[PDB]
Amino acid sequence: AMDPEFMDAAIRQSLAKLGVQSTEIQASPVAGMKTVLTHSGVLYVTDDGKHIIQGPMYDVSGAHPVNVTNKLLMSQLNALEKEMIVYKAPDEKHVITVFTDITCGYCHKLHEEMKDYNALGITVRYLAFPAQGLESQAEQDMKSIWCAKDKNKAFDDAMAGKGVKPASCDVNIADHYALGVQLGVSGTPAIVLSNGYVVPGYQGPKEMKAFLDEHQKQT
């Protein structure tokens, strides 16, 4: 703590020149490179700040390749647990975190199936991801929903077509969005597994259950 971290200072300065203005810098599993969190994604930067490569980074030593960028990010993701809209399964077999958008068609499709996911042992945890960006009406509307006293009711209501009641709190949707971007989320709904794996596409409950079971076995 009394020892200077002057090399990280070079990273920040190097990124500042590029317009990347705020950073979190952590170790990486690769010697002489640091993991750098930015609002625009994860960057792997050499210790001296001179070279940059966009994530993700994969660990390919095992039977299946794993995205260690996303695996690492599950610490950030899990730290946002209190800001999640959680629909817990009675007999929980899997927990997925879903980046969702109240204006996205398959997010409606997915939510309509919540009972069936839950019945199959799948707990669904929601974070907000306005696919149209942070200055869209959806960001504003989702913030109200996430600031409601009953988040589950507000979210249910909105997806049924009832309409959000205004509300404010300290929850920043921009933080959910940055996490989504760092995890490689572009299209919603984006289903993220407990090890960071982002499921390609939408899958209904029966398909998702089999996928989750097999994913657990293999990884």
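Residue positions are given as counts along the sequence shown, with the first one as 1.
Q: On mean C-alpha B-factor from the PDB entry, just flag whether 162-170 or 55-63 is the higher one.
A: Taking the mean C-alpha B-factor of 162-170 and of 55-63, the larger value falls to 162-170.
**Q.** Stretch exceeding the other in mean C-alpha B-factor - 7-15, 191-199
**A.** According to the PDB entry, the answer is 7-15.
Q: Have a look at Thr103, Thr97, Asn118, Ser136 and flag the one whose Cα has the highest B-factor in the entry.
A: The listed residue with the largest C-alpha B-factor is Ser136.
Q: Using the temperature factors in the entry, find which of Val86, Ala131, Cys107, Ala89 has the highest value at its Cα atom.
A: Each of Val86, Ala131, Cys107, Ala89 was compared by C-alpha B-factor; the highest is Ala131.
Q: Within this chain's modelled residues, let me know which third the CA B factor of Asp175 belongs to: lowest, middle or highest.
A: For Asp175, the deposited C-alpha B-factor lands in the highest third.
Q | Among modelled residues of the same chain, the CA temperature factor third for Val124 | A | CA B-factor rank for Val124: lowest third.
(Q) Sorting by Cα B-factor within the chain, modelled residues only, which third would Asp156 end up in: lowest, middle or highest? (A) Middle third by C-alpha B-factor.
Q) Thinking about Cα B factors across the chain, which third does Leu77 belong to? A) Within its chain, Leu77 is a middle-third residue by C-alpha B-factor, going by the deposited values.
Q.
Taking only the Cα B-factors deposited for this chain, tell me whether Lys149 sits in the lowest, middle or highest third.
A. For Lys149, whose C-alpha B-factor we compare with every modelled residue in the chain, the answer is the highest third.
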